[PDB]
Amino acid sequence: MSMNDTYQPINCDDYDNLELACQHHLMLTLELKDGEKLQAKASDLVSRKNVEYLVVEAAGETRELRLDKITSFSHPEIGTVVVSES
């Protein structure tokens, strides 16, 4: 029935490049339904053959955030994004 979709876990193809650079500028603040909130220095994204997840470098340890469709991620003077814009 349907072959084309547009359901992204968090970050999209292009929207991920502009959001992470302009909206996150390396340092992003991740938040969860449990009112979680944490900023992370440096970050890039990786797209799986099936979907797409973000991968941020935590000082000296690689971390993967947004791969679980995190409720929302906010950035000072930018905004809050929940499991992909929708």
# chains A, B, ... in the order shown; residues from 1 in each chain; ligands from 1
$ residues_around --residues "residue A:61" --least-positions-apart "3" --cutoff "12 Å" --atoms "only C-alpha atoms" --output "MDAnalysis selection string"
chainID A and resid 40:43 55:58 64
$ select_by_dssp --residues "chain A" --states "helix (DSSP H, G or I)" --output "list in words"
residues 15, 16, 17, 18, 19, 20, 21, 22, 23 and 24 of chain A
$ closest_atom_pairs --of "stretch 53-85 of chain A" --to "stretch 18-39 of chain A" --cutoff "8 Å" --atoms "only C-alpha atoms" --output "tab-separated table"
residue	atom	partner	partner_atom	distance
A:70	CA	A:32	CA	6.1
A:71	CA	A:32	CA	5.1
A:72	CA	A:31	CA	5.3
A:73	CA	A:30	CA	4.2
A:74	CA	A:29	CA	5.1
A:75	CA	A:29	CA	5.6
A:78	CA	A:23	CA	5.7
A:79	CA	A:23	CA	7.5
$ write_last_selection --atoms "N, CA and C atoms" --output "short mmCIF file (atom, residue, chain, number, x, y, z; two decimals), in the first residue's frame"
data_model
loop_
_atom_site.label_atom_id
_atom_site.label_comp_id
_atom_site.auth_asym_id
_atom_site.auth_seq_id
_atom_site.Cartn_x
_atom_site.Cartn_y
_atom_site.Cartn_z
N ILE A 70 14.32 9.65 21.86
CA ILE A 70 14.19 10.34 23.13
C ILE A 70 13.13 11.43 23.09
N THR A 71 12.23 11.36 24.07
CA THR A 71 11.13 12.30 24.19
C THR A 71 11.48 13.65 23.60
N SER A 72 12.49 14.32 24.13
CA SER A 72 12.84 15.63 23.61
C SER A 72 14.25 16.07 23.99
N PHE A 73 14.79 16.98 23.20
CA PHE A 73 16.11 17.54 23.42
C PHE A 73 16.05 19.04 23.23
N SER A 74 16.44 19.78 24.26
CA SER A 74 16.39 21.22 24.21
C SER A 74 17.77 21.86 24.18
N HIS A 75 17.82 23.05 23.62
CA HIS A 75 19.04 23.83 23.54
C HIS A 75 18.74 25.30 23.86
N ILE A 78 17.16 28.02 21.64
CA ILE A 78 16.91 27.35 20.37
C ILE A 78 15.53 26.70 20.35
N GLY A 79 15.36 25.66 21.16
CA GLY A 79 14.07 24.99 21.20
C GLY A 79 14.14 23.57 21.74
#
$ select_by_dssp --residues "chain A" --states "strand (DSSP E or B)" --output "ChimeraX atom specification"
/A:28-31,38-40,44-46,53-58,61-65,72-75,79-82
$ atom_distance --atom1 "atom CA of residue A:2" --atom2 "atom CA of residue A:53"
23.4 Å
$ atom_distance --atom1 "atom CA of residue A:65" --atom2 "atom CA of residue A:80"
14.8 Å
